[PDB]
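So this one's target17.csv, CSV, C-alpha atoms:
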```
chain,number,residue,atom,x,y,z
X,256,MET,CA,41.8,-59.8,-3.4
X,257,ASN,CA,38.4,-59.0,-4.9
X,258,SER,CA,36.9,-62.5,-4.5
X,259,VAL,CA,33.3,-62.1,-3.2
X,260,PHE,CA,33.2,-65.5,-1.3
X,261,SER,CA,36.2,-65.4,1.0
X,262,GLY,CA,34.3,-67.9,3.3
X,263,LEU,CA,34.4,-70.5,0.5
X,264,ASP,CA,36.4,-72.5,3.2
X,265,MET,CA,33.2,-72.9,5.0
X,266,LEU,CA,30.9,-73.8,2.1
X,267,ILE,CA,29.5,-77.2,2.8
X,268,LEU,CA,29.3,-79.6,-0.2
X,269,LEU,CA,26.5,-82.1,-0.3
X,270,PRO,CA,26.1,-85.2,-2.5
X,271,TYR,CA,23.3,-85.3,-5.1
X,272,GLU,CA,21.8,-87.4,-7.9
X,273,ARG,CA,21.2,-85.9,-11.4
X,274,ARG,CA,17.6,-86.6,-12.2
X,275,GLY,CA,17.1,-84.9,-15.6
X,276,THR,CA,17.8,-81.2,-15.3
X,277,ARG,CA,17.5,-81.4,-11.4
X,278,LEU,CA,20.4,-81.9,-9.1
X,279,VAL,CA,18.6,-83.5,-6.1
X,280,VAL,CA,20.1,-83.5,-2.6
X,281,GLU,CA,16.9,-84.4,-0.8
X,282,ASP,CA,13.4,-85.2,-1.9
X,283,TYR,CA,10.4,-83.4,-0.3
X,284,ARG,CA,9.9,-84.0,3.4
X,285,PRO,CA,6.3,-82.9,4.2
X,286,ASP,CA,7.2,-81.7,7.8
X,287,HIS,CA,9.7,-79.1,6.2
X,288,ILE,CA,9.2,-75.8,4.6
X,289,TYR,CA,10.9,-74.8,1.3
X,290,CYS,CA,11.4,-71.9,-0.9
X,291,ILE,CA,12.8,-71.3,-4.4
X,292,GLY,CA,15.3,-68.6,-5.4
X,293,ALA,CA,14.6,-68.3,-9.2
X,294,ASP,CA,16.9,-66.3,-11.4
X,295,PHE,CA,15.8,-65.8,-15.0
X,296,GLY,CA,18.3,-65.3,-17.8
X,297,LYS,CA,18.1,-64.1,-21.4
X,298,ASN,CA,20.5,-65.0,-24.3
X,299,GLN,CA,23.4,-67.3,-23.3
X,300,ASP,CA,22.6,-66.6,-19.6
X,301,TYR,CA,21.0,-69.4,-17.7
X,302,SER,CA,17.8,-69.5,-15.6
X,303,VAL,CA,18.5,-71.2,-12.3
X,304,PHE,CA,16.0,-72.4,-9.7
X,305,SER,CA,17.4,-73.3,-6.2
X,306,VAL,CA,15.2,-75.1,-3.6
X,307,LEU,CA,16.2,-74.2,-0.1
X,308,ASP,CA,15.0,-76.3,2.7
X,309,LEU,CA,14.3,-73.7,5.4
X,310,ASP,CA,14.2,-76.2,8.2
X,311,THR,CA,17.6,-77.6,7.4
X,312,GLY,CA,19.3,-74.6,5.9
X,313,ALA,CA,20.5,-76.6,2.9
X,314,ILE,CA,19.8,-76.6,-0.8
X,315,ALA,CA,17.5,-79.6,-1.5
X,316,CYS,CA,17.5,-79.3,-5.3
X,317,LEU,CA,18.8,-77.0,-8.1
X,318,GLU,CA,17.6,-76.8,-11.6
X,319,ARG,CA,19.4,-75.1,-14.5
X,320,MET,CA,18.3,-74.3,-18.0
X,321,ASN,CA,19.4,-72.2,-21.0
X,322,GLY,CA,17.6,-70.9,-24.1
X,323,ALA,CA,14.1,-72.4,-23.4
X,324,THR,CA,11.0,-70.2,-23.9
X,325,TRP,CA,9.4,-68.4,-20.9
X,326,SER,CA,6.4,-70.7,-20.9
X,327,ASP,CA,8.8,-73.7,-20.7
X,328,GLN,CA,10.9,-72.1,-17.9
X,329,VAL,CA,7.8,-71.1,-15.8
X,330,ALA,CA,6.2,-74.5,-16.3
X,331,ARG,CA,9.4,-76.2,-15.0
X,332,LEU,CA,9.4,-73.7,-12.1
X,333,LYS,CA,5.8,-74.5,-11.3
X,334,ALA,CA,6.4,-78.3,-11.3
X,335,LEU,CA,9.5,-77.7,-9.1
X,336,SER,CA,7.3,-75.7,-6.6
X,337,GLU,CA,4.6,-78.4,-6.5
X,338,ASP,CA,7.1,-81.2,-5.9
X,339,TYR,CA,8.4,-79.3,-2.9
X,340,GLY,CA,5.1,-78.7,-1.2
X,341,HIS,CA,4.0,-75.6,-3.1
X,342,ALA,CA,7.2,-73.8,-2.1
X,343,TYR,CA,7.2,-70.0,-2.4
X,344,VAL,CA,9.3,-68.4,-5.1
X,345,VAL,CA,11.6,-65.3,-4.8
X,346,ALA,CA,12.1,-64.3,-8.4
X,347,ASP,CA,14.7,-62.0,-10.1
X,348,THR,CA,13.1,-60.6,-13.3
X,349,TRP,CA,15.4,-57.5,-13.7
X,351,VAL,CA,14.6,-60.4,-18.8
X,352,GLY,CA,11.8,-57.9,-19.5
X,353,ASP,CA,8.2,-57.9,-18.3
X,354,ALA,CA,7.5,-61.0,-20.5
X,355,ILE,CA,8.6,-63.3,-17.7
X,356,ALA,CA,6.4,-61.6,-15.1
X,357,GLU,CA,3.4,-62.0,-17.3
X,358,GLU,CA,4.2,-65.7,-17.7
X,359,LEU,CA,4.6,-66.1,-13.9
X,360,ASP,CA,1.2,-64.4,-13.3
X,361,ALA,CA,-0.5,-66.4,-16.1
X,362,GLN,CA,0.6,-69.9,-14.9
X,363,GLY,CA,-0.3,-68.7,-11.3
X,364,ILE,CA,2.9,-68.9,-9.4
X,365,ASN,CA,3.2,-67.6,-5.8
X,366,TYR,CA,6.3,-65.4,-5.9
X,367,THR,CA,7.8,-62.2,-4.7
X,368,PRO,CA,9.6,-60.2,-7.4
X,369,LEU,CA,12.7,-58.9,-5.7
X,370,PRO,CA,13.4,-55.7,-7.7
X,371,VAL,CA,17.1,-56.5,-8.3
X,372,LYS,CA,17.3,-53.1,-10.1
X,373,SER,CA,19.8,-51.3,-7.9
X,374,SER,CA,23.4,-51.9,-7.0
X,375,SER,CA,22.4,-51.6,-3.3
X,376,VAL,CA,19.8,-54.4,-3.4
X,377,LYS,CA,22.1,-56.8,-5.2
X,378,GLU,CA,24.8,-56.0,-2.7
X,379,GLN,CA,22.5,-57.0,0.1
X,380,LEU,CA,21.5,-60.3,-1.4
X,381,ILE,CA,25.0,-61.2,-2.2
X,382,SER,CA,26.5,-59.9,1.1
X,383,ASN,CA,23.9,-61.9,3.0
X,384,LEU,CA,24.8,-65.1,1.1
X,385,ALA,CA,28.6,-64.6,1.6
X,386,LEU,CA,28.2,-63.9,5.4
X,387,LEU,CA,26.0,-66.9,5.8
X,388,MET,CA,28.7,-68.8,3.9
X,389,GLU,CA,31.4,-67.4,6.2
X,390,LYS,CA,29.4,-68.6,9.2
X,391,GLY,CA,29.2,-72.2,7.8
X,392,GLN,CA,25.4,-72.0,7.1
X,393,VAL,CA,25.4,-72.5,3.4
X,394,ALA,CA,25.3,-76.0,1.9
X,395,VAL,CA,25.0,-76.8,-1.8
X,396,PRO,CA,25.2,-79.7,-4.2
X,397,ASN,CA,28.8,-80.7,-4.6
X,398,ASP,CA,28.9,-79.8,-8.3
X,399,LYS,CA,31.8,-78.4,-10.2
X,400,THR,CA,29.6,-75.9,-12.1
X,401,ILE,CA,28.1,-74.4,-8.8
X,402,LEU,CA,31.5,-74.2,-7.1
X,403,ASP,CA,33.2,-72.5,-10.1
X,404,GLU,CA,30.7,-69.7,-10.3
X,405,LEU,CA,31.1,-69.1,-6.5
X,406,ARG,CA,35.0,-69.4,-6.8
X,407,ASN,CA,35.0,-66.9,-9.8
X,408,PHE,CA,32.5,-64.2,-8.4
X,409,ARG,CA,34.3,-60.9,-8.0
X,410,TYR,CA,34.1,-57.3,-7.0
X,411,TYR,CA,34.9,-54.6,-9.6
X,412,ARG,CA,35.1,-50.8,-9.4
X,413,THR,CA,34.0,-48.5,-12.1
X,414,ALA,CA,35.2,-44.9,-12.9
X,415,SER,CA,32.1,-43.5,-11.1
X,416,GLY,CA,32.9,-45.6,-7.9
X,417,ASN,CA,29.9,-47.9,-8.6
X,418,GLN,CA,30.5,-51.5,-7.4
X,419,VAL,CA,30.0,-54.3,-9.9
X,420,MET,CA,29.6,-57.9,-8.7
X,421,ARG,CA,30.0,-60.4,-11.5
X,422,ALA,CA,31.8,-63.5,-12.7
X,423,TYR,CA,35.5,-63.2,-13.6
X,424,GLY,CA,35.9,-62.7,-17.3
X,425,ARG,CA,32.8,-63.4,-19.4
X,426,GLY,CA,31.6,-66.3,-17.1
X,427,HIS,CA,28.1,-66.9,-15.9
X,428,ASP,CA,26.8,-65.9,-12.5
X,429,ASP,CA,23.1,-66.9,-12.5
X,430,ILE,CA,23.8,-69.7,-10.0
X,431,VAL,CA,25.2,-67.1,-7.6
X,432,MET,CA,22.0,-65.1,-7.8
X,433,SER,CA,19.6,-68.0,-7.6
X,434,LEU,CA,21.4,-69.0,-4.4
X,435,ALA,CA,21.4,-65.5,-3.0
X,436,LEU,CA,17.6,-65.2,-3.6
X,437,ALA,CA,16.9,-68.5,-1.8
X,438,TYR,CA,19.1,-67.8,1.2
X,439,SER,CA,17.4,-64.3,1.4
X,440,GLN,CA,14.7,-66.3,3.2
X,441,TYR,CA,17.1,-68.1,5.6
X,442,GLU,CA,16.7,-67.0,9.2
```
Would you give me this structure, written as structure tokens?
Amino acid sequence: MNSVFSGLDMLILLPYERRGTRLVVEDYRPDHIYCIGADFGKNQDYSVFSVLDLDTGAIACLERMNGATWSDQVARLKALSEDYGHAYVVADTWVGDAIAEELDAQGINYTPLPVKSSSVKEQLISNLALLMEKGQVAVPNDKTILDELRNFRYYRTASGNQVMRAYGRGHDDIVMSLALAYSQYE
């Protein structure tokens, strides 16, 4: 089969509380270090921010939004960063340059991961899936997160390019957000 996350058996599911748009697994612990994997979506696609607690290896918080302005999205990203001790952002902007200019303007500390190459995407995703297989990924036990992971698939094109995307016309911005966060997991 062409399911990307074959180690879904090993995905750990954590309880959470919905506090607005945030699913919260843990509040900020000052002795821990955090980072945010931020995927940005245009149109129907969602922007998703995932807070990884690097000291624990688990997602502390996840925030999802759809169809807000860039200024709105970045300002929610900022506030998320401040509430997790000025956590560094890994951002996927591959959305135009408008998002980048908003990130710079509001003064966010972030690495733009190109995500403009089949190869780079493969590495992010492969890394997430292998960490999952090893039992080192833990996410809020939420139907929406689990479904995107369950439905993420490999496809082949006529040129032999690999496509990694949701089954059908589903969304995969949660997969990418998670992949960006766990890119910092050691």
List as a Markdown table every residue of range 304-362 of chain X that is in contact with range 380-404 of chain X, defined as an atom at most 9 Å from one of its atoms (using only C-alpha atoms), together with the nearest atom pair and the distance in Å rounded to one decimal, sorted by chain and then rising number.
```
| residue | atom | partner | partner_atom | distance |
| --- | --- | --- | --- | --- |
| X:312 | CA | X:392 | CA | 6.7 |
| X:313 | CA | X:394 | CA | 4.9 |
| X:314 | CA | X:395 | CA | 5.3 |
| X:315 | CA | X:395 | CA | 8.0 |
| X:316 | CA | X:396 | CA | 7.8 |
| X:317 | CA | X:396 | CA | 8.0 |
```
Using C-alpha atoms, can you export the residues from the last selection as a short mmCIF file (atom, residue, chain, number, x, y, z; two decimals), in the coordinates of the input?
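Final output, selection_15.cif:
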```cif
data_model
loop_
_atom_site.label_atom_id
_atom_site.label_comp_id
_atom_site.auth_asym_id
_atom_site.auth_seq_id
_atom_site.Cartn_x
_atom_site.Cartn_y
_atom_site.Cartn_z
CA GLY X 312 19.30 -74.60 5.90
CA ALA X 313 20.50 -76.60 2.90
CA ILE X 314 19.80 -76.60 -0.80
CA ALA X 315 17.50 -79.60 -1.50
CA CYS X 316 17.50 -79.30 -5.30
CA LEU X 317 18.80 -77.00 -8.10
#
```
For residue 288 in chain X, the nearest of the candidates X:341, X:377, X:421, X:406, counting all atoms listed in the file: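 Closest to residue 288 in chain X of all the choices is X:341.
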Contact residues around residue 343 in chain X with only C-alpha atoms at 12 Å, ignoring same-chain residues under 2 positions, as a VMD selection string: chain X and resid 288 to 293 304 to 309 332 to 333 335 to 341 345 to 346 363 to 368 436 to 437 440
At a cut-off of 8 Å, using only C-alpha atoms, what residues contact residue 276 in chain X? Leave out same-chain residues fewer than 2 positions from it and give the result as a PyMOL selection string. chain X and resi 273-274+278+318-320
Dump C-alpha atoms for the selected residues as a compact mmCIF listing (two decimals), in the coordinates of the input?
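In the end it all went to again.txt:
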```txt
# COMPACT_ATOMS: atom_id res chain seq x y z
CA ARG X 273 21.20 -85.90 -11.40
CA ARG X 274 17.60 -86.60 -12.20
CA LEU X 278 20.40 -81.90 -9.10
CA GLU X 318 17.60 -76.80 -11.60
CA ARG X 319 19.40 -75.10 -14.50
CA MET X 320 18.30 -74.30 -18.00
```
Nearest to residue 412 in chain X: which of X:374, X:310, X:281, X:331 is it, counting only C-alpha atoms?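 Comparing X:374, X:310, X:281, X:331 against residue 412 in chain X, the winner is X:374.
The shortest atom-to-atom distance to residue 422 in chain X, with only C-alpha atoms taken into account, belongs to X:257 out of X:373, X:257, X:348, X:439.
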Just give me the gap between CA of residue 358 in chain X and CA of residue 301 in chain X in Å, one decimal is fine.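 Computing the Euclidean distance for CA of residue 358 in chain X and CA of residue 301 in chain X yields 17.2 Å.
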Measuring atom to atom with all atoms listed in the file, identify which of X:265, X:342, X:354, X:431 is nearest to residue 408 in chain X. X:431
One decimal, Å: what's the distance from CA of residue 297 in chain X over to CA of residue 428 in chain X, could you say?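 Value for the CA of residue 297 in chain X-CA of residue 428 in chain X distance: 12.6 Å.
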To one decimal place in Å, what is the distance between CA of residue 302 in chain X and CA of residue 322 in chain X? 8.6 Å
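Residue nearest residue 353 in chain X, chosen from X:405, X:323, X:330, X:295 and counting all atoms listed in the file: X:295.
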